[PDB]
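Engineer: Following this message is one structure expressed as structure tokens.
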Amino acid sequence: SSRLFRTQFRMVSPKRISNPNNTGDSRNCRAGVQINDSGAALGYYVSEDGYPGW
Amino acid sequence: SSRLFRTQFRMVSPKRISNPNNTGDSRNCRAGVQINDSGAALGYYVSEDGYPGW
Amino acid sequence: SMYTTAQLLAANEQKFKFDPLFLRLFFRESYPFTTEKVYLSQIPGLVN
């Protein structure tokens, strides 16, 4: 893009954030959110928008 | 942390603080809160909490 | 009634080696279950 500001924001629905490959919750990865040694988050796992079932 | 102030606080849920290994209650150490000879308290036994296992 | 003197130098707790490697590596998620039985299912996955 060639505009004045190149910053943009996308709204993500909470349903998308899930563990990769639909596995269970490990100690350091609860509900698709990475957790460090303390309670703070480090990174998030985002699925892909699948409208068709396949 | 490299910020100006190094103080960090936390919120501890009251369920965490209990007697160690569920050992029966005592005189000085009641319900995971240690009591000195008078009524004052000196230290608190607090456990870690991981819901699935480990 | 006894006049002997003693001093204890060191006391050690000998222990055997133990490391749950198979649990550590593979079985990484745990599913606690309130009900009586657990079902594991499979699918053939073969399409001509």
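Lettering and numbering for the structure tokens are positional, with chains as A, B, ... in the shown order, residues counted from 1 in each chain, and ligands counted from 1 in the shown order.
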Give the superposed chain A as a CSV table (one decimal) with N, CA, C and O atoms, in the first residue's frame, the fit being least squares on chain B over all ordered C-alpha pairs.

Structural biologist:
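Output saved as out_22.csv:
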```
chain,number,residue,atom,x,y,z
A,1,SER,N,14.4,-7.4,34.7
A,1,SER,CA,13.7,-6.3,34.1
A,1,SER,C,14.5,-5.0,34.2
A,1,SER,O,15.3,-4.8,35.2
A,2,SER,N,14.4,-4.2,33.2
A,2,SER,CA,15.2,-3.0,33.1
A,2,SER,C,14.3,-1.7,33.2
A,2,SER,O,14.8,-0.6,32.8
A,3,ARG,N,13.1,-1.8,33.8
A,3,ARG,CA,12.2,-0.7,33.8
A,3,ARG,C,12.6,0.2,35.0
A,3,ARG,O,13.6,0.0,35.7
A,4,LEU,N,11.8,1.3,35.1
A,4,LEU,CA,12.1,2.3,36.2
A,4,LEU,C,11.9,1.6,37.6
A,4,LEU,O,12.7,1.8,38.5
A,5,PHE,N,10.8,0.9,37.7
A,5,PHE,CA,10.4,0.2,39.0
A,5,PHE,C,10.4,-1.3,38.7
A,5,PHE,O,9.8,-1.7,37.8
A,6,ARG,N,11.1,-2.0,39.6
A,6,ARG,CA,11.2,-3.5,39.5
A,6,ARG,C,10.2,-4.2,40.4
A,6,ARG,O,10.2,-5.4,40.5
A,7,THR,N,9.3,-3.4,41.1
A,7,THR,CA,8.3,-4.1,42.0
A,7,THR,C,7.1,-4.6,41.2
A,7,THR,O,6.7,-3.9,40.2
A,8,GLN,N,6.6,-5.8,41.5
A,8,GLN,CA,5.5,-6.4,40.9
A,8,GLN,C,4.7,-7.1,41.9
A,8,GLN,O,5.2,-7.5,43.0
A,9,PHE,N,3.4,-7.3,41.6
A,9,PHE,CA,2.5,-8.0,42.5
A,9,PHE,C,1.7,-9.1,41.7
A,9,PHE,O,1.3,-8.9,40.6
A,10,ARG,N,1.5,-10.2,42.4
A,10,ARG,CA,0.8,-11.3,41.8
A,10,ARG,C,-0.4,-11.7,42.7
A,10,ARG,O,-0.2,-11.8,43.9
A,11,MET,N,-1.5,-11.8,42.1
A,11,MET,CA,-2.7,-12.2,42.9
A,11,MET,C,-2.8,-13.7,43.0
A,11,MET,O,-2.6,-14.5,42.1
A,12,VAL,N,-2.9,-14.2,44.3
A,12,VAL,CA,-2.9,-15.6,44.6
A,12,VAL,C,-4.3,-16.0,45.1
A,12,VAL,O,-4.9,-15.3,45.9
A,13,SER,N,-4.9,-17.0,44.5
A,13,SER,CA,-6.2,-17.4,44.9
A,13,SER,C,-6.2,-18.1,46.2
A,13,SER,O,-5.2,-18.8,46.5
A,14,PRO,N,-7.2,-18.0,47.1
A,14,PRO,CA,-7.1,-18.6,48.4
A,14,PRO,C,-7.1,-20.1,48.4
A,14,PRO,O,-6.7,-20.7,49.4
A,15,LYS,N,-7.5,-20.7,47.3
A,15,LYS,CA,-7.5,-22.2,47.2
A,15,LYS,C,-6.1,-22.8,47.3
A,15,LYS,O,-5.9,-23.9,47.7
A,16,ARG,N,-5.1,-22.0,46.9
A,16,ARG,CA,-3.8,-22.5,46.8
A,16,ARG,C,-3.1,-22.7,48.1
A,16,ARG,O,-2.4,-23.7,48.3
A,17,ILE,N,-3.4,-21.8,49.1
A,17,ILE,CA,-2.8,-21.9,50.4
A,17,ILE,C,-3.3,-23.1,51.1
A,17,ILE,O,-4.4,-23.2,51.5
A,18,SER,N,-2.4,-24.1,51.3
A,18,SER,CA,-2.8,-25.4,52.0
A,18,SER,C,-1.6,-26.0,52.7
A,18,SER,O,-0.4,-25.6,52.3
A,19,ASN,N,-1.9,-26.9,53.6
A,19,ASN,CA,-0.8,-27.5,54.3
A,19,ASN,C,0.1,-28.3,53.3
A,19,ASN,O,-0.5,-28.9,52.4
A,20,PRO,N,1.4,-28.4,53.5
A,20,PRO,CA,2.2,-29.2,52.6
A,20,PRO,C,1.9,-30.6,52.7
A,20,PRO,O,1.6,-31.1,53.8
A,21,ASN,N,1.8,-31.3,51.5
A,21,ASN,CA,1.6,-32.7,51.4
A,21,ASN,C,0.2,-33.1,51.9
A,21,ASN,O,-0.1,-34.3,52.2
A,22,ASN,N,-0.7,-32.1,52.1
A,22,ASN,CA,-2.1,-32.3,52.5
A,22,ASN,C,-2.2,-33.0,53.8
A,22,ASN,O,-3.1,-33.9,54.0
A,23,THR,N,-1.3,-32.7,54.7
A,23,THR,CA,-1.4,-33.3,56.1
A,23,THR,C,-2.4,-32.5,56.9
A,23,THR,O,-3.0,-31.6,56.5
A,24,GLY,N,-2.6,-33.0,58.1
A,24,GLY,CA,-3.5,-32.4,59.1
A,24,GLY,C,-3.0,-31.1,59.7
A,24,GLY,O,-1.9,-30.7,59.4
A,25,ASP,N,-3.8,-30.5,60.5
A,25,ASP,CA,-3.5,-29.2,61.1
A,25,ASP,C,-2.8,-29.5,62.4
A,25,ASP,O,-3.3,-30.1,63.4
A,26,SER,N,-1.5,-29.0,62.5
A,26,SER,CA,-0.7,-29.0,63.8
A,26,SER,C,-1.0,-27.7,64.5
A,26,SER,O,-1.6,-26.8,64.0
A,27,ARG,N,-0.5,-27.7,65.8
A,27,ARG,CA,-0.8,-26.5,66.6
A,27,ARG,C,-0.2,-25.2,66.0
A,27,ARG,O,-0.8,-24.2,66.0
A,28,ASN,N,1.0,-25.3,65.4
A,28,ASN,CA,1.7,-24.1,64.9
A,28,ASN,C,1.5,-23.9,63.4
A,28,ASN,O,2.1,-23.0,62.8
A,29,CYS,N,0.6,-24.7,62.8
A,29,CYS,CA,0.4,-24.6,61.3
A,29,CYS,C,-1.1,-24.9,61.0
A,29,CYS,O,-1.4,-26.1,60.8
A,30,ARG,N,-1.9,-23.9,61.0
A,30,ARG,CA,-3.3,-24.1,60.7
A,30,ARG,C,-3.7,-23.7,59.3
A,30,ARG,O,-3.4,-22.5,59.0
A,31,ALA,N,-4.2,-24.6,58.5
A,31,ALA,CA,-4.7,-24.3,57.2
A,31,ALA,C,-3.7,-23.6,56.3
A,31,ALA,O,-4.0,-22.6,55.6
A,32,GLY,N,-2.5,-24.1,56.4
A,32,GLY,CA,-1.4,-23.6,55.5
A,32,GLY,C,-0.8,-22.3,55.9
A,32,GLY,O,0.0,-21.7,55.2
A,33,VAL,N,-1.2,-21.8,57.1
A,33,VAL,CA,-0.6,-20.5,57.6
A,33,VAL,C,0.1,-20.8,58.9
A,33,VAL,O,-0.5,-21.3,59.9
A,34,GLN,N,1.4,-20.4,58.9
A,34,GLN,CA,2.2,-20.5,60.1
A,34,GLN,C,1.7,-19.5,61.2
A,34,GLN,O,1.4,-18.4,60.9
A,35,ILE,N,1.6,-20.0,62.4
A,35,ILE,CA,1.2,-19.2,63.6
A,35,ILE,C,2.3,-19.3,64.7
A,35,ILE,O,2.7,-20.4,65.0
A,36,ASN,N,2.7,-18.1,65.2
A,36,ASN,CA,3.7,-18.1,66.2
A,36,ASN,C,3.0,-18.4,67.6
A,36,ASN,O,1.9,-18.8,67.6
A,37,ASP,N,3.8,-18.1,68.7
A,37,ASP,CA,3.2,-18.3,70.0
A,37,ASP,C,1.9,-17.4,70.2
A,37,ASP,O,1.0,-17.9,70.8
A,38,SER,N,2.0,-16.2,69.7
A,38,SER,CA,0.7,-15.4,69.7
A,38,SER,C,-0.1,-15.7,68.4
A,38,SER,O,0.3,-16.6,67.6
A,39,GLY,N,-1.2,-15.0,68.3
A,39,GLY,CA,-2.0,-15.3,67.1
A,39,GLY,C,-1.5,-14.8,65.8
A,39,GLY,O,-2.1,-15.2,64.7
A,40,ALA,N,-0.5,-14.0,65.8
A,40,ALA,CA,0.0,-13.4,64.5
A,40,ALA,C,0.6,-14.5,63.6
A,40,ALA,O,1.1,-15.5,64.1
A,41,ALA,N,0.5,-14.2,62.3
A,41,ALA,CA,1.1,-15.1,61.3
A,41,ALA,C,2.6,-14.9,61.1
A,41,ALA,O,3.0,-13.8,61.4
A,42,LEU,N,3.3,-15.9,60.6
A,42,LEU,CA,4.7,-15.7,60.4
A,42,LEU,C,5.1,-16.0,58.9
A,42,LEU,O,6.0,-15.4,58.4
A,43,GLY,N,4.4,-17.0,58.3
A,43,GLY,CA,4.7,-17.4,56.9
A,43,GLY,C,3.5,-18.2,56.4
A,43,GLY,O,2.7,-18.7,57.2
A,44,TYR,N,3.5,-18.4,55.1
A,44,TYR,CA,2.4,-19.0,54.4
A,44,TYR,C,2.9,-20.2,53.5
A,44,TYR,O,4.0,-20.1,53.0
A,45,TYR,N,2.2,-21.2,53.4
A,45,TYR,CA,2.5,-22.3,52.5
A,45,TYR,C,1.7,-22.2,51.3
A,45,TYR,O,0.4,-22.2,51.3
A,46,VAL,N,2.3,-22.2,50.1
A,46,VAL,CA,1.7,-22.0,48.8
A,46,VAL,C,1.9,-23.3,48.0
A,46,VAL,O,3.0,-23.8,47.9
A,47,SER,N,0.8,-23.8,47.4
A,47,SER,CA,0.9,-25.0,46.5
A,47,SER,C,1.4,-24.5,45.2
A,47,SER,O,1.8,-23.3,45.0
A,48,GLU,N,1.4,-25.4,44.2
A,48,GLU,CA,1.7,-25.0,42.8
A,48,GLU,C,0.4,-25.1,41.9
A,48,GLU,O,-0.5,-25.9,42.2
A,49,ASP,N,0.3,-24.2,40.9
A,49,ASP,CA,-0.8,-24.2,40.0
A,49,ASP,C,-0.8,-25.5,39.2
A,49,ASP,O,-0.1,-25.6,38.2
A,50,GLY,N,-1.7,-26.4,39.6
A,50,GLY,CA,-1.8,-27.6,38.8
A,50,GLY,C,-3.1,-27.6,38.0
A,50,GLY,O,-4.2,-27.9,38.5
A,51,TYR,N,-3.0,-27.4,36.7
A,51,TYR,CA,-4.2,-27.4,35.8
A,51,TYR,C,-4.5,-28.9,35.4
A,51,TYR,O,-5.6,-29.3,35.6
A,52,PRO,N,-3.5,-29.6,34.9
A,52,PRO,CA,-3.8,-31.1,34.7
A,52,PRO,C,-3.9,-31.8,36.0
A,52,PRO,O,-3.3,-31.4,37.0
A,53,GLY,N,-4.7,-32.9,36.0
A,53,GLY,CA,-4.8,-33.6,37.2
A,53,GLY,C,-3.5,-34.3,37.6
A,53,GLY,O,-3.1,-34.3,38.8
A,54,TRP,N,-2.8,-34.8,36.7
A,54,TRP,CA,-1.4,-35.4,36.9
A,54,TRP,C,-0.4,-34.2,37.0
A,54,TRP,O,-0.8,-33.1,37.2
```

Engineer: Among chain C, which residues does DSSP mark as helix (DSSP H, G or I) when it is run on the backbone? Keep the chain and numbering as in the structure and answer as an MDAnalysis selection string.

Structural biologist: chainID C and resid 21:25

Engineer: So that I can check the secondary structure, give me every residue of chain A assigned strand (DSSP E or B) by backbone DSSP, as a list in words.

Structural biologist: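 Those residues are residues 17, 26, 29, 30, 33, 34, 35, 41, 42, 43, 44 and 46 of chain A.
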
Engineer: I need the chain C residues near chain B as a list in words; criterion: at most 10 Å, counting only C-alpha atoms.

Structural biologist: residues 24, 28, 29, 30, 31 and 32 of chain C

Engineer: Those same residues - N, CA and C atoms - I'd like them written as an mmCIF file, in the first residue's frame.

Structural biologist:
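File part23.cif, as written:
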```
data_model
loop_
_atom_site.group_PDB
_atom_site.id
_atom_site.type_symbol
_atom_site.label_atom_id
_atom_site.label_comp_id
_atom_site.auth_asym_id
_atom_site.auth_seq_id
_atom_site.Cartn_x
_atom_site.Cartn_y
_atom_site.Cartn_z
ATOM 1 N N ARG C 24 7.674 -38.658 29.883
ATOM 2 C CA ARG C 24 8.080 -37.294 29.569
ATOM 3 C C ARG C 24 7.961 -37.007 28.080
ATOM 4 N N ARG C 28 2.038 -36.498 26.761
ATOM 5 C CA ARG C 28 2.219 -35.123 27.204
ATOM 6 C C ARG C 28 0.936 -34.427 27.631
ATOM 7 N N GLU C 29 -0.227 -34.945 27.257
ATOM 8 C CA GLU C 29 -1.500 -34.380 27.675
ATOM 9 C C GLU C 29 -2.231 -35.400 28.533
ATOM 10 N N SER C 30 -2.996 -34.919 29.510
ATOM 11 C CA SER C 30 -3.670 -35.796 30.457
ATOM 12 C C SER C 30 -5.154 -35.473 30.495
ATOM 13 N N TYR C 31 -5.983 -36.511 30.431
ATOM 14 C CA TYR C 31 -7.438 -36.371 30.410
ATOM 15 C C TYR C 31 -8.047 -37.061 31.621
ATOM 16 N N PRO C 32 -8.420 -36.273 32.670
ATOM 17 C CA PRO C 32 -9.012 -36.904 33.833
ATOM 18 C C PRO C 32 -10.477 -37.155 33.581
#
```

Engineer: To one decimal place, how far is CA of residue 40 in chain C from CA of residue 25 in chain C in Å?

Structural biologist: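 Result for CA of residue 40 in chain C versus CA of residue 25 in chain C: 21.1 Å, one decimal.
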